[PDB]
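Written below as structure tokens is the structure these notes are about.
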Amino acid sequence: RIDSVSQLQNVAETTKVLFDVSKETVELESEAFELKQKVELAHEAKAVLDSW
Amino acid sequence: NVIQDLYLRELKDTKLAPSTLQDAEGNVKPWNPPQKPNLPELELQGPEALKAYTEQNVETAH
């Protein structure tokens with residue numbers, strides 16, 4: 001029973017770290033969307049200009 | 001001599017023919033807007049999800 005208990009003890013603290021970290025990462029991808037639109041506009045502009 | 005004749009004739013007697021910028025437009029890809037900001041909308045707001053998640057998967061850590 002002590003063996004079972006020891007696993008759970010360590011988990012309880014450390015999991016909270018991952019919990020935060022995971023959402024933090026997701027936030028970064030939101031910001032990446034703003035980038036994506038910047039990238040997009042540049043690509044489009046270069047293409048129209050290339051045709052000219 | 002013949003060089004002079006050619007030079008004279010070419011430059012003087014004909015130059016560029018008509019050609020419009022408007023006609024050019026057809027043959028090129030024109031600028032168009034990058035429509036949409038593309039706003040993402042918040043997901044999983046409130047403890048509605050949390051109550052659902054606590055209850056839904058009760059599978060304990062082993």
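Ordering of the structure tokens sets the chain letters (A, B, ...); residue numbers start at 1 within each chain; ligands are numbered from 1 in the order shown.
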Check your understanding: Can you list, as number ranges by chain, every protein, DNA or RNA residue that comes within 12 Å of residue B:37 when you count only C-alpha atoms, leaving out same-chain residues fewer than 3 positions away?
Key -> A: 33-38, 40-41; B: 33-34, 40
Check your understanding: Within 8 Å of stretch 50-52 of chain A, counting only C-alpha atoms, which residues qualify if same-chain residues fewer than 2 places away don't, as a list in words?
Key -> residues 46, 47 and 48 of chain A; 27, 28 and 29 of chain B
Based on only C-alpha atoms, which of the residues in chain B come within 12 Å of chain A? I want them as a CSV table (one decimal) with N, CA, C and O atoms, in the first residue's frame.
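Produced file iface_11.csv, reproduced below:
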```
chain,number,residue,atom,x,y,z
B,21,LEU,N,-0.8,50.2,-70.4
B,21,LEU,CA,-0.6,49.7,-69.1
B,21,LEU,C,-1.9,48.9,-68.7
B,21,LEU,O,-1.8,47.9,-68.0
B,24,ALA,N,-1.8,45.4,-69.9
B,24,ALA,CA,-0.8,44.7,-69.1
B,24,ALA,C,-1.5,44.0,-67.9
B,24,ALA,O,-1.1,42.9,-67.5
B,25,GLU,N,-2.5,44.7,-67.3
B,25,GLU,CA,-3.2,44.3,-66.1
B,25,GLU,C,-3.7,42.9,-66.2
B,25,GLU,O,-3.6,42.1,-65.3
B,26,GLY,N,-4.3,42.6,-67.4
B,26,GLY,CA,-4.9,41.3,-67.7
B,26,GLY,C,-3.9,40.2,-67.6
B,26,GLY,O,-4.2,39.1,-67.1
B,27,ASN,N,-2.6,40.5,-67.9
B,27,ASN,CA,-1.6,39.5,-68.0
B,27,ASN,C,-0.8,39.3,-66.7
B,27,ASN,O,0.1,38.5,-66.6
B,28,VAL,N,-1.1,40.1,-65.6
B,28,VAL,CA,-0.4,40.0,-64.4
B,28,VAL,C,-1.5,39.7,-63.3
B,28,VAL,O,-2.7,39.9,-63.6
B,29,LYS,N,-1.0,39.3,-62.1
B,29,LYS,CA,-1.9,39.0,-61.0
B,29,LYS,C,-2.1,40.3,-60.2
B,29,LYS,O,-1.0,40.8,-59.8
B,30,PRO,N,-3.3,40.8,-60.0
B,30,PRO,CA,-3.4,42.1,-59.4
B,30,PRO,C,-3.5,41.9,-57.9
B,30,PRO,O,-3.8,40.8,-57.4
B,31,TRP,N,-3.1,42.9,-57.1
B,31,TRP,CA,-3.2,43.0,-55.6
B,31,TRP,C,-4.6,42.9,-55.2
B,31,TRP,O,-5.5,43.4,-55.8
B,32,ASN,N,-4.8,42.1,-54.1
B,32,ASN,CA,-6.1,41.9,-53.5
B,32,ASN,C,-5.9,41.8,-52.0
B,32,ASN,O,-4.7,41.6,-51.6
B,33,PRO,N,-6.9,41.9,-51.2
B,33,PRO,CA,-6.6,42.3,-49.8
B,33,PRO,C,-6.4,41.0,-49.0
B,33,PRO,O,-6.9,40.0,-49.5
B,34,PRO,N,-5.8,41.0,-47.9
B,34,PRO,CA,-5.7,39.8,-47.0
B,34,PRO,C,-6.9,39.8,-46.1
B,34,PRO,O,-6.7,40.1,-44.9
B,35,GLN,N,-8.1,39.5,-46.6
B,35,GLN,CA,-9.4,39.6,-45.9
B,35,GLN,C,-9.4,38.7,-44.7
B,35,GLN,O,-8.8,37.7,-44.7
B,36,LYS,N,-10.1,39.2,-43.6
B,36,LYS,CA,-10.2,38.6,-42.3
B,36,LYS,C,-9.0,38.9,-41.5
B,36,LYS,O,-7.9,38.7,-41.9
B,37,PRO,N,-9.2,39.3,-40.2
B,37,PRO,CA,-8.2,39.3,-39.2
B,37,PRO,C,-8.0,37.9,-38.8
B,37,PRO,O,-6.8,37.5,-38.7
B,38,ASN,N,-9.1,37.1,-38.7
B,38,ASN,CA,-9.1,35.7,-38.3
B,38,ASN,C,-9.0,35.6,-36.8
B,38,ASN,O,-8.0,35.1,-36.3
B,39,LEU,N,-9.9,36.3,-36.0
B,39,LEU,CA,-10.0,36.3,-34.6
B,39,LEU,C,-10.3,34.9,-34.1
B,39,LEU,O,-11.3,34.3,-34.6
B,40,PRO,N,-9.6,34.3,-33.2
B,40,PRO,CA,-9.9,33.0,-32.5
B,40,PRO,C,-10.9,33.4,-31.4
B,40,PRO,O,-10.8,34.5,-30.9
B,41,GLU,N,-11.8,32.5,-31.0
B,41,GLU,CA,-12.8,32.7,-30.1
B,41,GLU,C,-12.6,31.8,-29.0
B,41,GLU,O,-12.2,30.6,-29.2
B,42,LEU,N,-12.7,32.2,-27.7
B,42,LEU,CA,-12.4,31.5,-26.5
B,42,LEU,C,-13.2,30.2,-26.4
B,42,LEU,O,-14.4,30.2,-26.6
B,43,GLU,N,-12.5,29.2,-26.0
B,43,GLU,CA,-13.0,27.8,-25.8
B,43,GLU,C,-12.8,27.4,-24.4
B,43,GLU,O,-11.7,27.7,-23.9
B,44,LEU,N,-13.8,26.7,-23.8
B,44,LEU,CA,-13.7,26.0,-22.6
B,44,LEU,C,-13.9,26.9,-21.4
B,44,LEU,O,-13.5,26.6,-20.3
B,60,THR,N,-8.1,6.7,-12.3
B,60,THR,CA,-7.1,7.1,-11.5
B,60,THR,C,-5.7,6.8,-12.0
B,60,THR,O,-5.6,5.8,-12.7
B,61,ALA,N,-4.8,7.5,-11.5
B,61,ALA,CA,-3.4,7.5,-11.8
B,61,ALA,C,-2.8,6.2,-11.2
B,61,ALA,O,-3.0,6.0,-10.0
B,62,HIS,N,-2.2,5.4,-12.0
B,62,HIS,CA,-1.5,4.2,-11.5
B,62,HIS,C,-0.2,4.2,-12.2
B,62,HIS,O,0.8,4.2,-11.4
```
Point to revise | Filtered DSSP result for chain B, state alpha helix (DSSP H), as a list in words | key: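 The alpha helix (DSSP H) residues within chain B come out as residues 2, 3, 4, 5, 6, 7, 8, 9, 10, 11, 12, 13, 21, 22, 23, 24, 25, 26, 48, 49, 50, 51, 52, 53, 54, 55 and 56 of chain B.
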Review point. In Å, how far is it from atom CA of residue B:56 to atom CA of residue A:16?
Key: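 Separation between atom CA of residue B:56 and atom CA of residue A:16: 19.5 Å.
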Practice item. Quick one: pull the distance between atom CA of residue A:25 and atom CA of residue A:6, Å, one decimal. Key: 29.5 Å
Practice item. Can you work out the spacing between atom CA of residue B:54 and atom CA of residue A:15 in Å, to one decimal? Key: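 Rounded to one decimal, the two atoms are 15.1 Å apart.
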